[PDB]
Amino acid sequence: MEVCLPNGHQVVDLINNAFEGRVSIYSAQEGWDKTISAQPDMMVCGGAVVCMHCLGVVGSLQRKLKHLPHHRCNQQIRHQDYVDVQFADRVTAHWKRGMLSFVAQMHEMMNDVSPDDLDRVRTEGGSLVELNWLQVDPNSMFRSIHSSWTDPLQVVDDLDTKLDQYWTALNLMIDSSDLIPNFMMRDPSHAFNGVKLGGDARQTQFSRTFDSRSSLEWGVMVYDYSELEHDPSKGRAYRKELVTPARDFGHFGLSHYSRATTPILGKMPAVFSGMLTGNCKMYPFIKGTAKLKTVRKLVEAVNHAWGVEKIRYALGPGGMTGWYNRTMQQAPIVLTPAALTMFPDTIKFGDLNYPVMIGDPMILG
């Protein structure tokens, strides 16, 4: 059968899904389970199922395909023409799992704090929990020289539900005791340009995305609150008044503002939507325009493999090149989760008072 190209809205859905690590990929070898890496034969783009060898729509999501339908496939789309999407998706999937293990580790330590110690830190201030950074997602592509993005994805059922449950529990504990985490940012753009970098972290090269061009293996980055801990003029009352998150972000249970983390994994801050939005969803702090670039080579391949009339029929005015240029302009809206535009605007403490280092995530009073 002859097939048609997907429409622009379907490609936008593909891109947005890749940056949540939720693209549904089918490979002959693994079926629809992408736990084990394999070259994609089909990808779900919005409501369509698309053949990755011609970029033709071969079915719908509602039809539940279990094989690649026979069709007249031009076979012009090469793996290299869409691997940037596969890469962004798989790396985001690994990154979300790593971030979950980290948030869960912090939650567990906080949950194990004895009442006496909590009571003491609330009163006199002081360290409450510290996580050896070498214990954060150790065997991942972000921390081990022996791992790669093509490694298997850790099997985690209900990933987003878990991320929501743990982040919510962790922040409510922080909020109720006016505690201080060193792994949060009021505006993650400051991680890329703004914060002072200390020690080994001064060498950090931020790509501000998930692509194959540069190194995603790096240390765990957090704030160095060493000076705050020992400043005799900035004790517990000072910390409660200005430093605890609620002062800048609003009380967690009564705020729509997003809370971002420092670059814990992949040199990429995570952004969590606020509790009042109804869920604490987690997204990588990547610009919409950077996400759109993942299909730049695919647009070139489509332009070379498909006739101009067929491209217009599916993508509209100006074809796929036109769709791409229009989307680049609309990216701040159509390729950007609301959470990424909901950081606090009235700051009292902020992100520029202490440097960021490669080191242990911690919570103090």
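Numbering starts at 1 and runs along the sequence shown.
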Inset, instruction - Going by the average Cα B-factor in the PDB entry, point out whether 283-291 or 183-191 comes out higher. - result: 183-191
Inset, instruction - Mind pulling up the entry and telling me whether 156-164 or 212-220 has the higher mean Cα temperature factor? - result: 212-220
Legend entry - Out of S258, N139, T262, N74, residue topping the C-alpha B-factor column of the entry: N139
Legend entry - Residue, from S207, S101, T123, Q86, that the PDB entry assigns the highest Cα B-factor: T123
Legend entry - Modelled-residue ranking by C-alpha temperature factor, third containing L61: highest
Legend entry - Ranked C-alpha temperature factor of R90 among modelled chain residues, by third: lowest
Inset, instruction - Using the B-factors in the PDB entry, rank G266's C-alpha atom against the chain and give the third, lowest, middle or highest. - result: middle
Legend entry - Modelled-residue ranking by C-alpha temperature factor, third containing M328: middle
Legend entry - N303 - which third its CA temperature factor falls in, relative to the rest of the chain: middle
